[PDB]
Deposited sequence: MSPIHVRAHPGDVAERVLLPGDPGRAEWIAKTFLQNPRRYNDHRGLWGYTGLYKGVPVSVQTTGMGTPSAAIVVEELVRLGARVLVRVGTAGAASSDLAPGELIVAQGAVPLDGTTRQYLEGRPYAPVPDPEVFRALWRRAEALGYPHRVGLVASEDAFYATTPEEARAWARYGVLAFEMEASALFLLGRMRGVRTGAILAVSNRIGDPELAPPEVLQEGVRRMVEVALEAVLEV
């Protein structure tokens, strides 16, 4: 059994959603999955496996930051995960992005040290698996949910980035900041698995507004993993 996600291969489905908040993992499992079973609660990394339209799907908590996410992804891959889609929130890098809007991550600027360590400081362009990316985009359109498609930036120091710095990055295509995508994308290529990310804007660097965005994001992710 893996060190942090203490489960066995048979407990995890090939298709996995990756929320950062365990509270959100629980909500997703109970709201969208049939017969959800929590296969792991060790370290608070709540992980569930259930069925969505007859297809097994797991929802695994990653925690915050690429170091935590990388540990979870590495172990999930060992457990048989083949398609992994991060679902979470992100702070808008510019004033034009309103809370609740969806972002299909086309790539992730690696401002984190986890990718840096794996890469030994070499340049890189973290991108999702092309088919998963395409599926997320298509499903968002099919469901008629407004969304943006583009870059996000994965950072390490939540409280270091100033609003001015965020807007500076926006001039380079960065739509929002989060703390997990870059590592997920890198590991997707390193470990030969398919990955993707879709986010809901929670603030610009409204209870029902954000929640509806999260619900849409999850629905899109679930529909997309069934497409691959």
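Note: segments 1, 207 to 212 of the deposited sequence have no C-alpha coordinates in the structure.
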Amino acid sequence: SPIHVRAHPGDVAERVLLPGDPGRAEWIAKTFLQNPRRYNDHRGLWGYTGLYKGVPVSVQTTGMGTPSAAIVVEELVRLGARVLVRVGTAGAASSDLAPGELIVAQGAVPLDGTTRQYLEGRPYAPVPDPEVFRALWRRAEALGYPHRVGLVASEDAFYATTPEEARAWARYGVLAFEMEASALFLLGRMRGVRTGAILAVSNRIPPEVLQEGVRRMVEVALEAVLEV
From here on, numbers count along this sequence of modelled residues.
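In this entry, the higher average B-factor at the C-alpha atoms falls on 89 to 97, of the pair 129 to 137 and 89 to 97.
Comparing 208 to 216 with 13 to 21, the stretch with the higher mean C-alpha B-factor in the PDB entry is 208 to 216. Within the selection 195, 58, 34, 62, the deposited Cα B-factor values reach their highest point at 34. Looking at 201, 45, 70, 186, the one whose CA carries the top B-factor in the deposited record is 201. Split the chain's modelled residues into thirds by C-alpha temperature factor. Residue 222 is in the middle one. Compared with the other modelled residues of the chain, the Cα B-factor recorded for residue 113 ranks in the lowest third.
Ranked within its chain, residue 105 lands in the lowest third, by CA B factor from the PDB record. Sorting the modelled residues of the chain by their CA temperature factor places residue 152 in the lowest third. Residue-level temperature factors show residue 83 in the lowest third of its chain, judged at the C-alpha atom.
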